[PDB]
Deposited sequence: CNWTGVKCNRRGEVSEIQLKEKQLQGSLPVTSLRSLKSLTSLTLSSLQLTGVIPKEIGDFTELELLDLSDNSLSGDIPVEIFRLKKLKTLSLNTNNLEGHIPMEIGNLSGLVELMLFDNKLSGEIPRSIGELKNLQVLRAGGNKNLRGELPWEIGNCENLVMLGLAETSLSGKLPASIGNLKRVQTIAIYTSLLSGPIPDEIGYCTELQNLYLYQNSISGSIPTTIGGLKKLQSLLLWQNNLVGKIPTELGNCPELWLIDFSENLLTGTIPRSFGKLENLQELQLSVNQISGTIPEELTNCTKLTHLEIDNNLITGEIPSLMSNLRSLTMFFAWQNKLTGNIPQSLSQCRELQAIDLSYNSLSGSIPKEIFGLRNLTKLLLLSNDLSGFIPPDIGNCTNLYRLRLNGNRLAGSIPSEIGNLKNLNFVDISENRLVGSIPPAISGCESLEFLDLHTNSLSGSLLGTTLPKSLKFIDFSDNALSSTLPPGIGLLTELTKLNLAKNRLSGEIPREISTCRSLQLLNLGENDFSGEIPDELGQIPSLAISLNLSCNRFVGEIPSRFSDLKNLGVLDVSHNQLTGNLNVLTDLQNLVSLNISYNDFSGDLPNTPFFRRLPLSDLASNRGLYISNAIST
């Protein structure tokens, strides 16, 4: 009567039952018009007797554990306008008798174990508005031709299913459909041109299929179109100009196709475009200037294409741009200073182009730029002092260019800077002491430059996990303060002019997995403390120095070292200290003064005889039988 969850007809007959969130279990009067048992943690089959409530207009069993088939008897209920079975364990085919529910409006089958094909019978459901069957991994076959008969269709989604073949031309008959979502499925063949007849279409999500052919021109006649996601398919041909005729379109993602041709000038007419992703295609031409008319653009990703020419200056007109990715193209010319007028820019990646000239200082005035990736271009000139103005800079990669002059001291101003790669440039002078002020600096790669001078423990910030100074002119001695960097994992100082002993202070870097001191002027004896860093795992490279004496006995504690290169030194004595290192994959002892015998273990036997020949006394011996 009045009890909670129960509702009554005016004649006093039980009308509706609604039960939710009661954490039950297990399995589960004919005036009843509405039944919701939902989110109850119910198990077992749907009772076959459900078909007996002739007056049911609503059945919601969703958000349970129900198993078994969808009983055919469920389809005896002629007055049913809502069938909600989603989020269960339901298996089997969607029965043909589904076509028997004349006034069905809502059908939710999504997130089940369903299989087989969408029956040809859906065509019979003429009041159907929403059909969502997605998230059934084994729902398979083609979308039937008869789908064109559900004329009231508004929302259709089959996403994350095994649905395959081409979308039927029938689809063009859905004059009311707003959203077609069939994505991350098995779809192949061309998008049918008839899709242009769907005049109410707003969102078309066909991404992550095998769709082939080109993008139909007719899509430019859809005036209500908002989002078009077609990424990661086999799409071919030129981007249709007519797309510039969809006034409501805010999102276009064609990423990861075979598209060729040019970015259409007509895109300038899309006053609502927020997001344009063309990434990973064959698009050629130059970035058209009319694209700078798209005032609301936040995201522009044109990376991995054939685009040529210059980045247009009028790009300053895009005042909402937060993300600009043009990397891996054929872009030439200067990076325009006007790009600094887009004050919202979070990330710029122009890497892998032909860009030349100086880096315009103005770009460093952007207060929200986290990521600046300019790597692999023809850029030259100085790094501007203005680099200090760029307050939120987190990730900076300038590597693989012609940059000249000194690393500007004001880089010390950047307190959020995590990752910096300036490697492969023409940089000169000293690593500036002021860099000690980058509190957040983790990764620092200066390798392959003309950097010179000495190296100070005071100079480096103590949060560094990765240092590569290799291939420079650096000199004097490795500073004792190197021991202050206790986070330091990889340290690569190779191909420098560095001198003196390895300081025992090295021992106190307890995180060090990789140490490359190769190709320097180091001398004296290899310290015992170097064997006290059990974290050494990846590699220890001492080669091409002046080291003398013997391999320190502590080296036996190097139990995690996989690669060791002492080659091209003056080292003497024997190798016995190394015989027990069970994890050592690679040993280069060549061009030393070593002498004595090595056991006949397959390990040592794998050492090149030419490596023993470049020593004093080394040879493999055979043990005596005793």
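Missing C-alpha runs, given along the deposited sequence, first residue counted as 1:
Unobserved in coordinates, per deposited numbering: 29 to 35, one stretch.
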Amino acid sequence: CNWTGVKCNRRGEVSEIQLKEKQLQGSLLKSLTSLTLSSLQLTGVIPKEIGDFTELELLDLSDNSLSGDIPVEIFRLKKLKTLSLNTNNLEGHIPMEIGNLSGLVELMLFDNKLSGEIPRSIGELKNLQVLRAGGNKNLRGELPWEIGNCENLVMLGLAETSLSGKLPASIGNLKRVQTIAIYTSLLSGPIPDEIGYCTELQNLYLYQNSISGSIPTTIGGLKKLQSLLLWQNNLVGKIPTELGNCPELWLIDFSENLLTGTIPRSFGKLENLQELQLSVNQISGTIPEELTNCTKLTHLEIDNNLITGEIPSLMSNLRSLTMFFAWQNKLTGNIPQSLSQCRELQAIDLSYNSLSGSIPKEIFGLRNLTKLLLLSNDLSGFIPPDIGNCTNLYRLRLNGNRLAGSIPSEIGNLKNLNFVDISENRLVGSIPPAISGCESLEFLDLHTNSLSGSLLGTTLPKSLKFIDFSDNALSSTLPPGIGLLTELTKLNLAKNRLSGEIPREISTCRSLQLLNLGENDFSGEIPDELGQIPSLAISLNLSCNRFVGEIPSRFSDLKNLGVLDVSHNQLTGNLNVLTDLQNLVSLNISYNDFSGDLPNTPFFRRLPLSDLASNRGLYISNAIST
From here on, numbers count along this sequence of modelled residues.
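Residue range whose averaged C-alpha B-factor is higher in the record, 182 to 190 or 377 to 385:
Mean C-alpha B-factor is greater for 182 to 190.
Quick check: 486 to 494 versus 301 to 309, which has the larger average CA B-factor in the record?
Higher of the two, by average CA B-factor, is 486 to 494.
Among the candidates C342, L139, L451, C150, give the one with the maximum CA B-factor reported in the record.
It is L139.
Based on what the PDB entry reports, which of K224, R554, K361, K465 has the top C-alpha B-factor?
Max CA B-factor in the entry, restricted to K224, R554, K361, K465: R554.
In terms of the CA temperature factor given in the entry, to which third of its chain does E106 belong: lowest, middle or highest?
Answer is middle: the recorded C-alpha B-factor places it there.
Splitting the chain's C-alpha B-factors into thirds, which one does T459 fall into?
Tercile = highest for this residue's CA B-factor.
Which third of the chain does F443 land in by C-alpha B-factor: lowest, middle or highest?
For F443, whose C-alpha B-factor we compare with every modelled residue in the chain, the answer is the middle third.
Could you say whether, by C-alpha temperature factor, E271 belongs to the lowest, middle or highest third of its chain?
Lowest third.
Determine, from the deposited record, the chain-internal third of the Cα B-factor for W231: lowest, middle or highest.
For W231, the deposited C-alpha B-factor lands in the middle third.
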